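One structure below.
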Amino acid sequence: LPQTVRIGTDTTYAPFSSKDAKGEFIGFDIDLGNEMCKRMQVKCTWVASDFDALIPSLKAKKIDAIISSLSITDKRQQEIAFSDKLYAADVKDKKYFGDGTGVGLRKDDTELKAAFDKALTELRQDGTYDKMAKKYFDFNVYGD
């Protein structure tokens, strides 16, 4: 695990990922990433990017992780690895509550994946997920 982790995200999807008047990264995606990074004891720099460029940037190693409401799909799994689910892929329907988004990561970076999964499991067990979800939403955004 390096000191640095660069996290790419598409900042056009409040309340998950967006930018405030002062330019800071804001949203549920940002709070999960920062909470995990703090538990992982690494430094995490947020990087703005168009969604279509996120995965190519991950393979080109411009960024080391993706957190951007990135839904876990068969096509994407063929090209990258995913962390455990962050929350449901589509909020507007229970049919997609079994689906899910996750942290996009390079397949060979198995050590960085487990680190994310470890912190994600630890922040959900101690209630940090719930308290941080209760800020934005009035429903079970994690889903199934």
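Quick note: residue numbers are just sequence positions, from 1.
- Remark: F16 pairs with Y13, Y87, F137 by the ring-ring contact (aromatic ring centres under 6.0 Å, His included) rule, at least two apart or across chains.
- With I63 as reference, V47 is the one residue of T45, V5, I7, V47 to meet the side-chain contact (heavy atoms from CB on, under 4.5 Å) rule.
- The side chain to side chain donor-acceptor pair (under 3.5 Å) check on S68 picks up nothing, with sequence neighbours excluded.
- For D84, there are no salt bridge (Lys or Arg N to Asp or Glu O under 4.0 Å) partners two or more places apart in sequence or in a different chain.
- Geometrically, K85 engages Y142 in a cation-pi contact, judged by NZ or CZ lying under 6.0 Å from the ring centre and within 45° of the ring axis.
- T9 is linked by a side chain to side chain donor-acceptor pair (under 3.5 Å) to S17, counting only residues two or more places apart in sequence or in another chain.
- The side-chain contact (heavy atoms from CB on, under 4.5 Å) test with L54 singles out one residue from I66, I80, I67, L70, and that residue is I66.
- Minimum interatomic distance between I72 and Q77 (heavy atoms only, all atoms of both residues): CG2-CD, 3.7 Å.
- Residues satisfying the side-chain contact (heavy atoms from CB on, under 4.5 Å) criterion with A114, sequence neighbours excluded, are absent altogether.
- Here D126 pairs with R39 in a salt bridge; the nearest charged N to carboxylate O distance falls below 4.0 Å.
- Here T12 pairs with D10 under the side chain to side chain donor-acceptor pair (under 3.5 Å) rule; sequence neighbours left out.
- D90 and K95 are not joined by a salt bridge, as no carboxylate oxygen comes within less than 4.0 angstrom of a charged side-chain nitrogen.
- Every residue two or more places apart in sequence or in another chain that forms a side chain to side chain donor-acceptor pair (under 3.5 Å) with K118 is listed here: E122.
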